[PDB]
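Data from final.csv: CSV, C-alpha atoms and all ligand atoms
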chain,number,residue,atom,x,y,z
Q,1,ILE,CA,107.3,108.0,97.7
Q,2,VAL,CA,105.2,110.9,96.5
Q,3,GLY,CA,102.0,111.9,98.3
Q,4,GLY,CA,102.5,109.4,101.1
Q,5,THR,CA,102.9,109.6,104.9
Q,6,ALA,CA,105.3,108.4,107.6
Q,7,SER,CA,105.1,104.7,108.3
Q,8,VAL,CA,104.5,103.2,111.8
Q,9,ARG,CA,107.6,101.4,113.1
Q,10,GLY,CA,107.3,97.7,112.2
Q,11,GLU,CA,104.3,98.3,109.9
Q,12,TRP,CA,106.2,96.9,106.9
Q,13,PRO,CA,108.5,94.3,108.5
Q,14,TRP,CA,109.5,92.8,105.1
Q,15,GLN,CA,110.8,96.1,103.9
Q,16,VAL,CA,114.6,96.5,103.8
Q,17,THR,CA,116.9,99.3,102.8
Q,18,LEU,CA,119.8,98.2,100.5
Q,19,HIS,CA,122.9,100.4,100.9
Q,20,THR,CA,126.0,100.6,98.8
Q,21,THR,CA,129.3,101.6,100.6
Q,22,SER,CA,130.8,103.1,97.4
Q,23,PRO,CA,132.0,105.7,97.3
Q,24,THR,CA,130.5,106.4,100.7
Q,25,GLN,CA,127.6,104.6,102.3
Q,26,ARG,CA,124.2,105.6,101.1
Q,27,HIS,CA,120.7,104.2,100.4
Q,28,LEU,CA,120.6,102.5,97.0
Q,29,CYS,CA,117.3,100.6,96.7
Q,30,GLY,CA,114.4,99.1,98.6
Q,31,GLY,CA,113.8,95.3,98.9
Q,32,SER,CA,111.6,92.7,100.5
Q,33,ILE,CA,112.4,89.8,102.8
Q,34,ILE,CA,110.9,86.7,101.3
Q,35,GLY,CA,113.1,84.1,103.0
Q,36,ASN,CA,115.5,83.7,105.9
Q,37,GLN,CA,118.4,84.3,103.5
Q,38,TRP,CA,116.6,86.0,100.6
Q,39,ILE,CA,115.8,89.6,99.6
Q,40,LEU,CA,113.6,90.2,96.5
Q,41,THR,CA,114.4,93.4,94.7
Q,42,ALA,CA,114.8,95.1,91.3
Q,43,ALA,CA,117.5,94.1,88.8
Q,44,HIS,CA,118.2,97.6,87.5
Q,45,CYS,CA,119.2,98.4,91.1
Q,46,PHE,CA,122.6,96.9,90.5
Q,47,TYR,CA,123.7,99.1,87.6
Q,48,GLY,CA,127.4,99.7,87.9
Q,49,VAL,CA,127.6,97.2,90.8
Q,50,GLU,CA,130.6,94.9,90.1
Q,51,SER,CA,130.6,93.1,93.4
Q,52,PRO,CA,128.2,92.2,96.2
Q,53,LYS,CA,130.9,93.2,98.7
Q,54,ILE,CA,129.9,96.8,98.6
Q,55,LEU,CA,126.3,96.0,99.5
Q,56,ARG,CA,124.7,96.1,103.0
Q,57,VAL,CA,121.1,95.1,103.7
Q,58,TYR,CA,119.4,96.6,106.7
Q,59,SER,CA,116.2,95.2,108.1
Q,60,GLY,CA,113.9,96.5,110.9
Q,61,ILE,CA,114.6,100.1,109.9
Q,62,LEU,CA,112.1,103.0,110.1
Q,63,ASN,CA,114.4,106.0,109.9
Q,64,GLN,CA,117.6,106.1,107.9
Q,65,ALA,CA,119.1,107.9,110.9
Q,66,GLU,CA,119.0,104.6,112.8
Q,67,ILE,CA,121.8,103.5,110.5
Q,68,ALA,CA,125.3,104.3,111.8
Q,69,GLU,CA,128.7,102.8,111.5
Q,70,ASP,CA,127.9,100.6,114.6
Q,71,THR,CA,124.6,99.3,113.2
Q,72,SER,CA,124.4,95.6,112.3
Q,73,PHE,CA,123.6,94.7,108.7
Q,74,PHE,CA,123.4,91.7,106.4
Q,75,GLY,CA,126.2,91.1,103.9
Q,76,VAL,CA,125.3,90.0,100.4
Q,77,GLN,CA,126.8,86.7,99.3
Q,78,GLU,CA,125.3,86.7,95.8
Q,79,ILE,CA,123.4,88.9,93.5
Q,80,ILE,CA,121.1,86.9,91.2
Q,81,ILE,CA,119.7,88.9,88.2
Q,82,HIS,CA,117.2,87.4,85.8
Q,83,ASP,CA,119.1,86.3,82.7
Q,84,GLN,CA,116.4,87.9,80.5
Q,85,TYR,CA,116.8,91.3,82.2
Q,86,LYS,CA,118.2,94.2,80.1
Q,87,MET,CA,116.5,97.2,81.5
Q,88,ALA,CA,113.6,98.2,83.8
Q,89,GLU,CA,111.3,99.4,81.0
Q,90,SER,CA,111.7,96.1,79.1
Q,91,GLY,CA,110.6,94.0,82.0
Q,92,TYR,CA,112.2,91.2,83.9
Q,93,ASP,CA,113.3,93.8,86.5
Q,94,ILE,CA,113.8,91.3,89.3
Q,95,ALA,CA,116.7,90.1,91.3
Q,96,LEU,CA,117.5,88.0,94.3
Q,97,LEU,CA,120.1,88.8,97.0
Q,98,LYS,CA,121.4,85.8,98.9
Q,99,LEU,CA,122.5,87.0,102.3
Q,100,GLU,CA,125.7,85.9,104.0
Q,101,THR,CA,123.8,85.1,107.1
Q,102,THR,CA,120.2,84.2,108.0
Q,103,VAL,CA,117.7,86.8,109.3
Q,104,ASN,CA,116.2,86.0,112.7
Q,105,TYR,CA,112.5,86.8,112.3
Q,106,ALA,CA,110.8,89.1,114.9
Q,107,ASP,CA,108.0,91.7,114.9
Q,108,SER,CA,110.5,94.2,113.4
Q,109,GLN,CA,111.7,91.9,110.6
Q,110,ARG,CA,109.8,89.0,108.9
Q,111,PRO,CA,109.0,87.8,105.4
Q,112,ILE,CA,106.1,88.7,103.1
Q,113,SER,CA,104.3,85.9,101.4
Q,114,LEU,CA,104.7,85.6,97.6
Q,115,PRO,CA,101.4,85.6,95.6
Q,116,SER,CA,100.1,82.3,94.3
Q,117,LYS,CA,99.2,81.5,90.7
Q,118,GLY,CA,95.7,81.0,92.0
Q,119,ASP,CA,95.5,84.7,92.8
Q,120,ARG,CA,95.8,86.4,89.5
Q,121,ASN,CA,92.0,86.6,89.5
Q,122,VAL,CA,92.1,88.0,93.0
Q,123,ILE,CA,91.1,91.7,93.2
Q,124,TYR,CA,93.5,93.5,95.4
Q,125,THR,CA,91.6,96.5,96.8
Q,126,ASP,CA,94.2,97.4,99.5
Q,127,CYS,CA,97.6,97.9,98.1
Q,128,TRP,CA,100.5,100.0,99.4
Q,129,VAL,CA,103.8,101.2,98.0
Q,130,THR,CA,106.6,102.0,100.5
Q,131,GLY,CA,110.2,103.2,100.5
Q,132,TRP,CA,112.6,106.0,101.3
Q,133,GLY,CA,112.5,107.4,97.8
Q,134,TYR,CA,112.0,110.9,96.6
Q,135,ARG,CA,108.8,112.8,97.5
Q,136,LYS,CA,109.1,114.5,94.2
Q,137,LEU,CA,111.2,114.3,91.0
Q,138,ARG,CA,114.0,116.5,92.3
Q,139,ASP,CA,114.5,115.6,95.9
Q,140,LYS,CA,116.5,113.4,98.2
Q,141,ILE,CA,116.4,110.1,100.1
Q,142,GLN,CA,113.8,110.6,102.9
Q,143,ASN,CA,114.7,109.7,106.5
Q,144,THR,CA,111.4,108.1,107.6
Q,145,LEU,CA,109.9,105.2,105.6
Q,146,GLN,CA,107.0,106.5,103.6
Q,147,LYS,CA,103.8,104.7,102.6
Q,148,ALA,CA,101.1,105.4,100.1
Q,149,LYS,CA,97.9,103.5,99.3
Q,150,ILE,CA,97.5,103.1,95.5
Q,151,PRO,CA,94.9,101.3,93.4
Q,152,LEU,CA,96.0,98.8,90.8
Q,153,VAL,CA,95.1,99.5,87.2
Q,154,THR,CA,94.4,97.0,84.4
Q,155,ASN,CA,97.2,96.3,82.0
Q,156,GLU,CA,95.0,97.6,79.2
Q,157,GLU,CA,94.6,100.9,81.0
Q,158,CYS,CA,98.3,101.0,81.7
Q,159,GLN,CA,99.2,100.4,78.1
Q,160,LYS,CA,97.0,103.4,77.2
Q,161,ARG,CA,99.1,105.6,79.5
Q,162,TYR,CA,102.4,104.3,78.1
Q,163,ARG,CA,102.3,104.6,74.3
Q,164,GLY,CA,105.8,103.9,72.9
Q,165,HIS,CA,106.2,101.3,75.6
Q,166,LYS,CA,105.1,97.6,75.7
Q,167,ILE,CA,103.3,96.9,79.0
Q,168,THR,CA,103.4,93.1,79.2
Q,169,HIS,CA,101.6,90.7,81.5
Q,170,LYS,CA,104.9,90.4,83.4
Q,171,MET,CA,104.3,94.0,84.6
Q,172,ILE,CA,101.6,95.5,86.8
Q,173,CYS,CA,100.7,99.1,87.2
Q,174,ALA,CA,99.2,101.2,90.0
Q,175,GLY,CA,98.3,104.8,90.4
Q,176,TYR,CA,95.6,107.5,90.4
Q,177,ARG,CA,94.1,108.8,87.1
Q,178,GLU,CA,94.9,112.2,88.5
Q,179,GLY,CA,98.3,111.2,90.0
Q,180,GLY,CA,99.4,112.7,93.3
Q,181,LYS,CA,100.6,109.4,94.8
Q,182,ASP,CA,103.3,107.2,93.4
Q,183,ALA,CA,106.8,105.7,93.8
Q,184,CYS,CA,109.9,107.7,92.9
Q,185,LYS,CA,113.7,107.6,92.7
Q,186,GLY,CA,115.0,105.6,95.6
Q,187,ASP,CA,111.9,103.4,96.0
Q,188,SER,CA,113.1,100.9,93.3
Q,189,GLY,CA,113.2,97.3,94.4
Q,190,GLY,CA,110.6,98.2,97.0
Q,191,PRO,CA,107.5,96.0,97.5
Q,192,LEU,CA,104.0,96.7,96.4
Q,193,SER,CA,102.2,95.0,99.3
Q,194,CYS,CA,98.6,94.2,98.9
Q,195,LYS,CA,96.1,93.1,101.5
Q,196,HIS,CA,93.6,90.4,100.8
Q,197,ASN,CA,91.7,88.5,103.5
Q,198,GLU,CA,94.1,90.4,105.8
Q,199,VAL,CA,97.1,88.5,104.5
Q,200,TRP,CA,99.9,90.5,103.0
Q,201,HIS,CA,101.1,89.5,99.6
Q,202,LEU,CA,104.1,90.7,97.5
Q,203,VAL,CA,102.2,91.7,94.3
Q,204,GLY,CA,104.8,93.9,92.8
Q,205,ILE,CA,108.4,95.3,92.9
Q,206,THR,CA,108.8,99.0,92.3
Q,207,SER,CA,110.4,99.3,88.9
Q,208,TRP,CA,109.7,102.5,86.8
Q,209,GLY,CA,107.5,105.3,85.6
Q,210,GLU,CA,107.5,108.5,83.6
Q,211,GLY,CA,108.4,111.1,86.1
Q,212,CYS,CA,106.7,110.7,89.5
Q,213,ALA,CA,103.0,110.9,90.4
Q,214,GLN,CA,102.2,112.7,87.2
Q,215,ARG,CA,98.5,112.5,86.1
Q,216,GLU,CA,97.8,109.6,83.8
Q,217,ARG,CA,101.2,108.0,84.4
Q,218,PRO,CA,100.8,104.9,86.6
Q,219,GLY,CA,103.8,103.5,88.4
Q,220,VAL,CA,105.0,100.3,86.7
Q,221,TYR,CA,105.9,97.3,88.8
Q,222,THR,CA,107.3,93.8,88.2
Q,223,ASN,CA,104.3,91.4,88.4
Q,224,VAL,CA,105.8,89.1,91.0
Q,225,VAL,CA,103.3,86.2,90.5
Q,226,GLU,CA,104.8,85.7,87.0
Q,227,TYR,CA,108.1,84.9,88.6
Q,228,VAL,CA,107.3,82.5,91.4
Q,229,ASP,CA,108.7,79.6,89.4
Q,230,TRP,CA,111.9,81.6,88.7
Q,231,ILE,CA,112.2,82.5,92.4
Q,232,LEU,CA,111.8,78.9,93.5
Q,233,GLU,CA,114.4,77.6,91.0
Q,234,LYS,CA,116.9,80.3,92.0
Q,235,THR,CA,116.4,79.9,95.7
Q,236,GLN,CA,116.7,76.1,95.7
Q,237,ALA,CA,120.1,74.5,96.3
Q,301,LIG,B1,114.3,103.4,91.2
Q,301,LIG,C1,112.9,104.0,90.8
Q,301,LIG,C2,111.8,103.1,90.7
Q,301,LIG,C3,110.5,103.6,90.4
Q,301,LIG,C4,110.3,105.0,90.0
Q,301,LIG,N1,109.1,105.6,89.7
Q,301,LIG,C5,108.9,106.8,88.9
Q,301,LIG,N2,107.7,107.4,89.1
Q,301,LIG,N3,109.8,107.3,88.1
Q,301,LIG,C6,111.5,105.9,90.1
Q,301,LIG,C7,112.8,105.3,90.5
Q,301,LIG,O1,114.8,104.0,92.4
Q,301,LIG,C8,116.2,103.9,92.3
Q,301,LIG,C9,116.4,104.0,90.9
Q,301,LIG,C10,117.6,103.2,90.3
Q,301,LIG,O2,118.7,103.1,91.2
Q,301,LIG,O3,115.3,103.6,90.2
Do you think you could lay out the structure here as structure tokens?
Amino acid sequence: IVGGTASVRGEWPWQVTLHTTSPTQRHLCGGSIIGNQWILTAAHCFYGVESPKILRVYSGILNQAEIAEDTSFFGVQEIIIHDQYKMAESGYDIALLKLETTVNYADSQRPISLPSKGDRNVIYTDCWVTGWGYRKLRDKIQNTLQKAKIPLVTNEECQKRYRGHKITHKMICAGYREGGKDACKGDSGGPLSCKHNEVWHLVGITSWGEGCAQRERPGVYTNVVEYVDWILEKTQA
């Protein structure tokens, strides 16, 4: 996260840090708890990932330092990638992780509500992006979870900032016309939480952008509401 600040412990209880144990354990991507056994994240996050066995999901984490060899985690039973996904920039950058065990909800770890179709006309004026990603373009995974408030921008405006790209309605952008605040490497799969009527909603999934926090280059996120049907179908037994 560029231009953000340290999060308060338990401030984003749905945020998880997805680690890979290969070659050595390290933060790979962000993710959001949306169900007792389900993490919603970005598809492109599993590039070069041949098996879910090397994945470890940690919930209730503020600082990466909290994660040690003796720290409990959730194993991943299955990685579900949208069959239409090819690459982040083309869209469909969404994936579900079915955990091997169920998450016991608490103030430190609970699910975030998915947006409803009857909310696409809703004007989110309080949206935040979070994660342990880079603070700049050339940096490293941050220890403390960072947060940054960022305004959503119309798709028409976003398309203007991304000539050469096709910003579809299945994407949603957010950022400052002057930049300064935005997601970066490591924040992928992270949630773009928005607050309406004081009820947190998972509006987007951190996906891509040109550089990080550059002026006139809004972050591009997966427009979650466009995938509620997909999510329901993939989560049902
Ligand atoms: B992601 C990721 C997601 C979004 C952005 N945003 C910008 N401004 N470039 C950068 C990086 O984080 C992990 C990586 C793939 O493993 O992509």
Within 8 Å of ligand LIG 301 (chain Q) (only C-alpha atoms and all ligand atoms), residues as an NGL selection string = :Q and (28-30 or 44-47 or 133 or 137 or 182-189 or 206-214 or 218-221)
Taking into account all atoms listed in the file, which residue in the set Q:69, Q:229, Q:93, Q:50 is nearest to residue 115 in chain Q?
-> Q:229
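Among the candidate residues Q:90, Q:154, Q:15, Q:146, the one lying nearest to residue 109 in chain Q is Q:15, with distances computed using only C-alpha atoms.
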Between Q:176, Q:227, Q:128, Q:58, smallest distance to residue 201 in chain Q by all atoms listed in the file belongs to Q:128
Take CA of residue 120 in chain Q and CA of residue 225 in chain Q and report the distance between them in Å, one decimal.
->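 Distance between the two atoms: 7.6 Å.
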Give the answer as one residue: which of Q:54, Q:130, Q:203, Q:170 has the shortest atom-to-atom distance to residue 142 in chain Q, using all atoms listed in the file?
-> Q:130
Contacts of residue 175 in chain Q at 7 Å (all atoms listed in the file; same-chain gap of 2+ positions) as a list in words |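 Residues near the query, excluding close chain neighbours: residues 150, 151, 152, 153, 173, 177, 179, 181, 182, 218 and 219 of chain Q.
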What does the distance between CA of residue 80 in chain Q and CA of residue 63 in chain Q come to in Å, to one decimal place?
->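 Interatomic distance here is 27.6 Å.
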Best match for closeness to residue 113 in chain Q among Q:101, Q:25, Q:84, Q:32, counting all atoms listed in the file =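 Result for the nearest residue to residue 113 in chain Q: Q:32.
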Atomic separation - CA of residue 57 in chain Q relative to CA of residue 19 in chain Q, Å |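 Rounded to one decimal, the two atoms are 6.3 Å apart.
Distances to residue 157 in chain Q were evaluated for Q:217, Q:234, Q:27, Q:9 using only C-alpha atoms, and the minimum falls at Q:217.
The residues that lie within 12 Å of the point (125.4, 86.5, 102.5), counting all atoms listed in the file, are residues 36, 37, 38, 39, 52, 53, 54, 55, 56, 57, 73, 74, 75, 76, 77, 78, 79, 96, 97, 98, 99, 100, 101, 102 and 103 of chain Q.
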Atom completion result for range 141-158 of chain Q (N, CA and C atoms) as a PDB file, in the frame of the given file:
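Saved the output as part_27.pdb:
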ATOM      1  N   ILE Q 141     116.794 111.285  99.361  1.00  0.00           N
ATOM      2  CA  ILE Q 141     116.400 110.100 100.100  1.00  0.00           C
ATOM      3  C   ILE Q 141     115.769 110.560 101.438  1.00  0.00           C
ATOM      4  N   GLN Q 142     114.510 110.197 101.682  1.00  0.00           N
ATOM      5  CA  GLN Q 142     113.800 110.600 102.900  1.00  0.00           C
ATOM      6  C   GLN Q 142     114.320 109.750 104.104  1.00  0.00           C
ATOM      7  N   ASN Q 143     114.229 110.335 105.293  1.00  0.00           N
ATOM      8  CA  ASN Q 143     114.700 109.700 106.500  1.00  0.00           C
ATOM      9  C   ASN Q 143     113.702 108.610 106.976  1.00  0.00           C
ATOM     10  N   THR Q 144     112.440 109.008 107.096  1.00  0.00           N
ATOM     11  CA  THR Q 144     111.400 108.100 107.600  1.00  0.00           C
ATOM     12  C   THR Q 144     110.720 107.347 106.437  1.00  0.00           C
ATOM     13  N   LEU Q 145     110.557 106.037 106.621  1.00  0.00           N
ATOM     14  CA  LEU Q 145     109.900 105.200 105.600  1.00  0.00           C
ATOM     15  C   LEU Q 145     108.533 105.734 105.280  1.00  0.00           C
ATOM     16  N   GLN Q 146     108.275 105.985 103.997  1.00  0.00           N
ATOM     17  CA  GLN Q 146     107.000 106.500 103.600  1.00  0.00           C
ATOM     18  C   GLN Q 146     106.095 105.412 103.001  1.00  0.00           C
ATOM     19  N   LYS Q 147     104.786 105.612 103.107  1.00  0.00           N
ATOM     20  CA  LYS Q 147     103.800 104.700 102.600  1.00  0.00           C
ATOM     21  C   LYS Q 147     102.712 105.418 101.868  1.00  0.00           C
ATOM     22  N   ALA Q 148     102.127 104.784 100.861  1.00  0.00           N
ATOM     23  CA  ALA Q 148     101.100 105.400 100.100  1.00  0.00           C
ATOM     24  C   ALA Q 148     100.160 104.318  99.557  1.00  0.00           C
ATOM     25  N   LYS Q 149      98.857 104.491  99.752  1.00  0.00           N
ATOM     26  CA  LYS Q 149      97.900 103.500  99.300  1.00  0.00           C
ATOM     27  C   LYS Q 149      97.617 103.877  97.818  1.00  0.00           C
ATOM     28  N   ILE Q 150      97.723 102.890  96.938  1.00  0.00           N
ATOM     29  CA  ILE Q 150      97.500 103.100  95.500  1.00  0.00           C
ATOM     30  C   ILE Q 150      96.751 102.002  94.857  1.00  0.00           C
ATOM     31  N   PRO Q 151      95.733 102.338  94.055  1.00  0.00           N
ATOM     32  CA  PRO Q 151      94.900 101.300  93.400  1.00  0.00           C
ATOM     33  C   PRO Q 151      95.622 100.735  92.157  1.00  0.00           C
ATOM     34  N   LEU Q 152      95.408  99.445  91.933  1.00  0.00           N
ATOM     35  CA  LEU Q 152      96.000  98.800  90.800  1.00  0.00           C
ATOM     36  C   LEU Q 152      95.158  99.171  89.587  1.00  0.00           C
ATOM     37  N   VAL Q 153      95.771  99.162  88.408  1.00  0.00           N
ATOM     38  CA  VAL Q 153      95.100  99.500  87.200  1.00  0.00           C
ATOM     39  C   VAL Q 153      95.265  98.338  86.230  1.00  0.00           C
ATOM     40  N   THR Q 154      94.285  98.091  85.367  1.00  0.00           N
ATOM     41  CA  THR Q 154      94.400  97.000  84.400  1.00  0.00           C
ATOM     42  C   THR Q 154      95.547  97.248  83.480  1.00  0.00           C
ATOM     43  N   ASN Q 155      96.098  96.181  82.912  1.00  0.00           N
ATOM     44  CA  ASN Q 155      97.200  96.300  82.000  1.00  0.00           C
ATOM     45  C   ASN Q 155      96.754  97.056  80.741  1.00  0.00           C
ATOM     46  N   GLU Q 156      95.484  96.891  80.384  1.00  0.00           N
ATOM     47  CA  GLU Q 156      95.000  97.600  79.200  1.00  0.00           C
ATOM     48  C   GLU Q 156      94.984  99.059  79.443  1.00  0.00           C
ATOM     49  N   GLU Q 157      94.590  99.474  80.642  1.00  0.00           N
ATOM     50  CA  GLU Q 157      94.600 100.900  81.000  1.00  0.00           C
ATOM     51  C   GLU Q 157      96.005 101.420  81.053  1.00  0.00           C
ATOM     52  N   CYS Q 158      96.906 100.626  81.633  1.00  0.00           N
ATOM     53  CA  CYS Q 158      98.300 101.000  81.700  1.00  0.00           C
ATOM     54  C   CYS Q 158      98.932 101.246  80.396  1.00  0.00           C
TER      55      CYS Q 158
END
